[PDB]
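Q: Chains as they are written, first to last, in this note's numbering: chain A, -8 to 83; chain B, -8 to 83; chain C, 15 to 28. In this text, a Cβ means the ideal position worked out from N, Cα and C, and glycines have one as well. First, the structure itself, so that you have it in front of you.
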Amino acid sequence: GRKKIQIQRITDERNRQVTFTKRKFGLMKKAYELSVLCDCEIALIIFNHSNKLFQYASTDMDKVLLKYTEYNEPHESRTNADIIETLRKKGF
Amino acid sequence: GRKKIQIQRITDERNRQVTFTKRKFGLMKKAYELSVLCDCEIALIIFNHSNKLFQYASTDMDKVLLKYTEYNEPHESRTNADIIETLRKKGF
Amino acid sequence: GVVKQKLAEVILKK
DNA sequence: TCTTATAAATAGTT
DNA sequence: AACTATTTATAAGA
């Protein structure tokens, strides 16, 4: 972008909405590419500020969600805090 | 990158694995930023080629999944085909 | 656990 | 809503 | 597993 932004809540509603649309498409496009490049199945569930649901699935949402329910093994689990901790670890 | 790659499955197992790890972190980072910039809640479920599960949630995976189950309305739903169709809509 | 249970419960019934 | 200057992600090398 | 040159994504303008 023209300028580096801080990761913090956008106050201007229009800007936020504009950002939301563009970055969501951005995010789904990165997920498409990941799913194709590395033969992955991916599901993505987003609730905006207005609790409206936006979903993406590489192929079929219900297939992924059920396979999720069948999973019984300890696996990788990440949250915003993990990501933030991982970024502080390496700035350069 | 050093070169433009085609979006198509990576055959070299090591490369694929290397790409997978980097792009997954890439994807989770974009999800964190979306969730903070636009005050949205996000869950992400990935099954790799080996059907191993990797998951991310902005805050709490179980909270998002339950709110998903409670959803009772037509919403936006996208697949790889939508993305690919939209990439012809754009271009240059 | 119980959340996994509840998710499968609602995808099924469709 | 487009366009583009600049920031951020990443493919290939080593 | 580093590094960086290049590609990609995107913030701010218009």
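For a test of the three-state rule: what should DSSP assign to A:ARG14, helix, strand or coil?
A: Note: A:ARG14 maps to helix in three-state DSSP.
Q: For A:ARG69, list the residues DSSP reports as bridge partners.
A: According to DSSP, A:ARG69 bridges with B:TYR47.
Q: Name, please, each residue of chain A whose Cβ falls closer than 7 Å to the Cβ of B:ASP3.
A: Residues of chain A passing the Cβ test: none, with the nearest at roughly 11 Å.
Q: Of all the residues that make up the stretch 20 to 35 of chain A, which are near chain B by a beta-carbon distance shorter than 8 Å?
A: Going along the stretch 20 to 35 of chain A in chain order, one finds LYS20, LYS21, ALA22, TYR23, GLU24, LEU25, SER26, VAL27, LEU28, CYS29, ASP30, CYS31, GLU32, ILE33, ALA34, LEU35 with a Cβ nearer than 8 Å to chain B.
Q: Going by C-alpha to C-alpha distance, which of A:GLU32, A:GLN46, A:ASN6 sits closest to B:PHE11?
A: Minimum Cα distance to B:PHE11 is reached at A:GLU32.
Q: Using only the alpha-carbon positions, how far apart do A:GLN46 and B:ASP3 sit?
A: C-alpha separation (whole angstroms): 31 Å.
Q: For the alpha helix (DSSP H) holding B:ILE1, just list the boundary residues, first then last.
A: First-last for B:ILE1: undefined, no H or E at that position.
Q: For A:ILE74, is the classification buried or exposed, using 16 other Cβ atoms within 10 angstroms of its Cβ as the cut-off for buried?
A: Buried, by the Cβ-count rule.
Q: Anything in chain A within Cβ reach of C:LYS18, meaning under 7 Å, just list it in chain order.
A: The answer, in chain order, is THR60.
Q: Within 7 Å of any Cβ in chain B, is that where the Cβ of A:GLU76 sits?
A: It does not: the Cβ of A:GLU76 has no partner Cβ on chain B nearer than 7 Å.
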